[PDB]
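**Student:** no FASTA, just this:
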């Protein structure tokens, strides 16, 4: 029952971000105390957000979480822009990020204490991703079982880390450090980006619970469980962080690139037969899963004239969503070739949180205007308001700091729109119609190429 559902929640609360986000907040805090504060803040923040989405997914009950939600809210191009900025930015950069982490964890064991060549990690990430797609072009039955084992890999890695980092202080050198106090706190600036990198690890509780709220449907225990669930997540994160700290020193982290293997090299005589390969497999499976979400949103968005119907075609016999995967992979692949993940981190997070805000404020307007809807849940109006406030915070403060990346994010966003009004109310005439006929043939072209047709 619900006792068995909470882990189900935890089954979709975190990914591989906890292997990268560690060193992320430090670059913007330098105060270990401030870092832990950021982690706990993210914990409560996610609590709020997961409450709001859990309410919606059952009350609004829209198939497209964060998508159909906006749609029902306004039914305008807004939803289309959401689709757009999702497609061109969000998951491409996400998957690129994960793949980079994986390449790095594979590289780092050799070249200890000495940085490794840019090109090598790039190329390995590319090989990984490019293989993984074509794999998923086949039956997922393989992916299913192997990701079943990948979860076990992840949890074993985590538990080894925690037990070691804690017995370190336990059997000796207890109360080793008990000293943070560094500052860098201006109530503005790097604070925002620290929240980005921190909440990034927490990210993942948005939609993957809507598809899980039907697990037991324990009356109103679902939110209760949601509240029994998320604090555990926050605590386990913070536990990992303090393990890191009470083993490694700050300069090392600032220098290191695969925090975990250095953590190991500090303490063991093996150093290898656990950390790198385990985290490799876990990043692997997480990326694998994160893929198919692309296909999901492809199909749903195509269902309403968006994403011209050439896309979203099940394989003639593989009944696989090939071209979706193809396109997404090519998009994400280019992202892998970057100067640094943190850049991508800021970029992804910014637009994602704008997206969040949108969903929220739409929620509220659908609450006040068009009230009285049959809604299988009732919550206090305050806490979602508070949530949208802390959202508008987390999107406002990174304007002062790095006007530029926010600017160019909005730039690609707005670039979405000319095409919208080029197609949205298609006149099916003139050159547009001329191109459309070609599209058809082009479709036809890719048709015979894709060995696939629509549903």
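**Tutor:** Yep, that arrived. Residues are numbered from 1 along each chain as shown.
**Student:** Let me see the contact set for the closest residue in space to residue 89 that isn't next to it in sequence.
**Tutor:** Leaving aside its sequence neighbours, residue 89 sits nearest to residue 351 (C-beta to C-beta, 6 or more residues apart in numbering; 5.7 Å). No exception for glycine: its C-beta is placed from N, CA and C like everyone else's. By C-beta atoms under 8 Å, 6 or more residues apart in numbering, the contact set of residue 351 is 85, 89-90, 409, 413.
**Student:** and residue 413, what element?
**Tutor:** Using DSSP states H and E, residue 413 sits within helix 403-423.
**Student:** what about the strands in the stretch 351-455 of the chain?
**Tutor:** Taking DSSP state E, counting those that start in this stretch, the strands of the stretch 351-455 of the chain run over residues 452-453.
**Student:** Do a quick rundown of the helices in it.
**Tutor:** In the stretch 351-455 of the chain, the helices defined using DSSP state H, counting those that start in this stretch lie at 382-396, 403-423, 430-450.
**Student:** I'd like the ones you listed as a markdown table, with distance to residue 170 and mean neighbour count appended.
**Tutor:** Shown next, in a markdown table, are the helices of the stretch 351-455 of the chain (distance: least, C-beta to C-beta, whole Å; neighbours: other C-beta atoms under 10 Å):
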| stretch | distance to residue 170 | mean neighbour count |
| --- | --- | --- |
| helix 382-396 | 37 | 16 |
| helix 403-423 | 43 | 13 |
| helix 430-450 | 58 | 13 |
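**Student:** could you redo these as JSON lines and give each row distance to residue 203?
**Tutor:** Formatted as JSON lines, those follow (distance: least, C-beta to C-beta, whole Å):
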{"stretch": "helix 382-396", "distance to residue 203": "12"}
{"stretch": "helix 403-423", "distance to residue 203": "17"}
{"stretch": "helix 430-450", "distance to residue 203": "32"}
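**Student:** These: which one's closest to residue 294?
**Tutor:** Ranking the helices of the stretch 351-455 of the chain by proximity to residue 294 (C-beta to C-beta) places helix 430-450 first, at 16.1 Å.
**Student:** the inter-axis angle of that closest one versus helix 403-423?
**Tutor:** 100 degrees (axes from the mean of the first three to the mean of the last three C-alpha atoms, to 10 degrees).
**Student:** Show me which pair in the contacts of residue 351 is furthest apart.
**Tutor:** 90 and 413 (11.5 Å).
**Student:** Which parts of the stretch 201-350 of the chain are strands?
**Tutor:** 314-315.
**Student:** Helices of the stretch 151-300 of the chain, start to end?
**Tutor:** Going by DSSP H, counting those that start in this stretch, the stretch 151-300 of the chain shows helices at 190-202, 221-245, 250-255, 259-267, 275-302.
**Student:** Out of the helices of the stretch 351-455 of the chain, the one nearest residue 212 is which?
**Tutor:** Here helix 382-396 is closest among these (C-beta to C-beta), at 20.5 Å.
**Student:** Packing partners of the closest one?
**Tutor:** helix 32-59, helix 190-202, helix 341-368 (3 or more C-beta pairs under 8 Å, 6 or more residues apart in numbering; DSSP states H and E).
**Student:** how near is residue 65 to residue 29?
**Tutor:** 32 Å (C-beta to C-beta, to the nearest Å).
**Student:** what's residue 57 in contact with, if anything?
**Tutor:** 65, 207, 209-210, 213.
**Student:** quick one: which of these has the most company?
**Tutor:** When neighbours are counted by other C-beta atoms under 10 Å, residue 209 leads the contacts of residue 57 with 23 neighbours.
**Student:** picking that back up, what's the helix holding residue 413 in contact with?
**Tutor:** By C-beta under 8 Å, 6+ apart, helix 403-423 touches 77, 80-81, 84-85, 88-89, 308, 343, 346-347, 350-351, 398-399, 432.
**Student:** Tell me the buried residues within these.
**Tutor:** Listed as buried from the contacts of helix 403-423 are 80-81, 84-85, 88-89, 346-347, 350-351, 398; burial here means 16 or more other C-beta atoms under 10 Å.
**Student:** before we move on, back to that, save the contacts of residue 351 as JSON lines, and put in distance to residue 449 too.
**Tutor:** Formatted as JSON lines, the contacts of residue 351 follow (distance: C-beta to C-beta, whole Å):
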{"residue": "85", "distance to residue 449": "28"}
{"residue": "89", "distance to residue 449": "27"}
{"residue": "90", "distance to residue 449": "27"}
{"residue": "409", "distance to residue 449": "33"}
{"residue": "413", "distance to residue 449": "31"}
